[PDB]
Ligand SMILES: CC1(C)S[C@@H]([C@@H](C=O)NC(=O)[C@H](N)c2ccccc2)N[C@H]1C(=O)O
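In the form deposited without this ligand, a lone chain appears below as structure tokens.
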């Protein structure tokens, strides 16, 4: 299927080979997507439109930590393991992105996953799993235990490198963004820092924004698109006729405080596309380095060291985050298809035909 560039959307910069977070070597991504039932919602009985996305920073068999730093745009949401990141500048184990109702289940499942796989001696290092959420309340039976431990195990064990599936998959399955269908999006940039070229990879779970504010390549496109407003049982539920999780990977050998700076750049990329951070929109960014690794109980490994005042190197990386974030948000929208879920709520994927026509007229 076409991604944003394939529909004529222009972006600045140079993407990695895959144009995805897996352009950062060693990163693995997995999804479990849970879609079942239709019609009226009864708590405990669906319909279900949910799932979980797993990102292994160093691959599924790693017991080591990665240097990490975070940022908050608006903190109305959950992201576990973050006190640890703020304190010691690293986290162990995978990142899980999921629906709000699933957080506790995913948290305990990740602990269970370690039993038998991890030397008893290292088990305590597996006790602060990283799990984050956005709310799939319009399309999904949030409280109804739709996600199982097996679902989580499958995503953990199935994760891999290579091309990353986008759209209505994993944690993004039942999400809604800019009043269109939400979901998973990803992008990357290769950035020239003098004689060295680093990779910055971004993955988003998007559940934020209003259509009236949306900009794609700077075009305020909500009013240019006709129809495609959400419905219920065949009635227009929004418009004139009636949260966001950002994961940043890089192979640059950054220290934790430097990774906080990377994470703070995500907001600028979000700003480019028009949203204004709603009061209850939990918008967060987490950045990690795959070259600055911390062997369990060992000496941190830092292959090179970068000066924070080295503008040539840092600006290249910063611009990478902003561009990759901007593009990941548009890739998400393009990858997400129309879906009908709980209570016959219907949310449209941004129309490909209309988008391509608008881009062609604006950028001949």
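Numbering follows the first chain given and starts at 1.
There is also a form deposited with this ligand bound; it is not shown, and the following applies to it.
Participant: At 4.5 Å between heavy atoms, is residue 176 in contact with this ligand in the deposited bound form?
Facilitator: Because a heavy atom of residue 176 falls inside 4.5 Å of this ligand in the deposited bound form, the answer is yes.
Participant: Applying a 4.5 Å heavy atom distance criterion, does residue 230 contact this ligand in the deposited bound form?
Facilitator: It does: once this ligand is placed as it appears in the deposited bound form, residue 230 has a heavy atom within 4.5 Å of it.
Participant: Hey, in the deposited bound form, is residue 107 touching this ligand, heavy atoms inside 4.5 Å?
Facilitator: Although this ligand is absent here, residue 107 would stay clear of it in the deposited bound form, with no heavy atoms inside 4.5 Å.
Participant: Does any part of residue 272 reach within 4.5 Å of this ligand in the deposited bound form? Heavy atoms only, please.
Facilitator: No - in the deposited bound form, heavy atoms of residue 272 and this ligand never come within 4.5 Å of each other.
Participant: Can you pick the one in 190, 237, 72, 219 that has a heavy atom within 4.5 Å of this ligand in the deposited bound form?
Facilitator: Looking at the other structure, the residue within range turns out to be 237.
Participant: Which residues from 130-146 come close to this ligand in the deposited bound form, meaning a heavy atom within 4.5 Å?
Facilitator: Read in sequence order, the lone residue that approaches this ligand (within 4.5 Å, in the deposited bound form) is 138.
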